[PDB]
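In structure tokens, the next block holds one chain alone, the form solved without 2-phosphoglyceric acid (2PG).
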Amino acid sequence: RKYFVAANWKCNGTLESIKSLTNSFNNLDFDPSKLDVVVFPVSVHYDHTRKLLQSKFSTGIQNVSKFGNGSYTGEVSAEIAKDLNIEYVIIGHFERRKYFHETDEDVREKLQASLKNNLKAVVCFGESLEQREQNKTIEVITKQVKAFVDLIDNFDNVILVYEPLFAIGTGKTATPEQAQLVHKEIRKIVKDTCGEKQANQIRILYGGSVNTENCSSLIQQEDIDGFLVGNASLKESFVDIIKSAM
């Protein structure tokens, strides 16, 4: 599979910090046909970022609407994203499920709208600490994946992201071995629900804590095909995380 490394800048950035960061990113020489590198800036920063980043870099937005064009103040439709040639969208990030009541139904409808408008989707999911200590990690993940997996028609255009909530921002850390076990189970879900070819084709990214010191140990795992990097993607050192996948 083609590795995929993404920068989720979340809600961070200034016109000037973006100029400096994008310049640093542009200095990295990589072949976009061998590895996908996607930058996800804040909506109002998209134009600025797309222009500053060299073409080898792909771009996208951090959220998209399940409603199409219409009376939906504050939303960005997949139709609008398509008209702007925004290539990727992130769906179901745990922060939107946590702070903005995003549900599995929302995730499903957002993925459908995205695919219908030729957008590629980075779909996130993951179990909570309570669910993990209750031994329902796979039960939870299966339900979350099955809420939308049947919508995937082209397995190069949808990228899955496992987010180990118990090890994100908690000080706790998930081992590469623990990550791998979950990633292998996720691929099996795709295999049983969709097919073996489809399962072996789809990219499953690790969306937990990723930095320059652990990226190599993670990307090395058989079922981890890249990362959805958070705050670490706001540092120039993000280029070293990208290099671990080259």
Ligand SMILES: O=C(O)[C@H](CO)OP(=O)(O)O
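The first residue of the sequence shown is number 1, and the count goes up from there.
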| property | result |
| --- | --- |
| Mean C-alpha temperature factor, higher of 164 to 172 and 121 to 129 | 164 to 172 |
| Average Cα temperature factor in the PDB entry - higher stretch of 187 to 195, 36 to 44 | 187 to 195 |
| Candidate set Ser217, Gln54, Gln62, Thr59 [ranked by C-alpha B-factor, highest] | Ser217 |
| Peak C-alpha temperature factor (PDB record), options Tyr88, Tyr72, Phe100, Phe148 | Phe100 |
| Record-listed C-alpha B factor of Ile152: chain third | middle |
| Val210 CA temperature factor, ranked by third within the chain | highest |
| Chain-wide C-alpha B factor ranking for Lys143, given as lowest, middle or highest third | middle |
| Cα B factor band for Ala6 (lowest, middle or highest third within the chain) | lowest |
| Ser24, C-alpha B-factor rank within chain (lowest, middle or highest third) | highest |
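This next part talks about the form deposited with 2-phosphoglyceric acid (2PG) bound, which is not shown.
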{"item": "Among 161 to 169, 75 to 83, 133 to 141, 111 to 119, the region lying within 4.5 Å of 2-phosphoglyceric acid (2PG) in the bound PDB entry by heavy atom distance", "value": "161 to 169"}
{"item": "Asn231: touches 2-phosphoglyceric acid (2PG) in the bound PDB entry, heavy atom cutoff 4.5 angstroms", "value": "yes"}
{"item": "4.5 angstroms heavy atom contact with 2-phosphoglyceric acid (2PG) in the bound PDB entry for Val39", "value": "no"}
{"item": "4.5 angstroms heavy atom contact with 2-phosphoglyceric acid (2PG) in the bound PDB entry for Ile186", "value": "no"}
{"item": "Distance check, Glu87 to 2-phosphoglyceric acid (2PG) in the bound PDB entry, heavy atom within 4.5 Å", "value": "no"}
{"item": "Contact assignment for 2-phosphoglyceric acid (2PG) in the bound PDB entry, among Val64, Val210, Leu205, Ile202, heavy atom within 4.5 Å", "value": "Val210"}
{"item": "Residues of 94 to 129 having any heavy atom within 4.5 Å of 2-phosphoglyceric acid (2PG) in the bound PDB entry, listed in sequence order", "value": "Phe94, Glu95"}
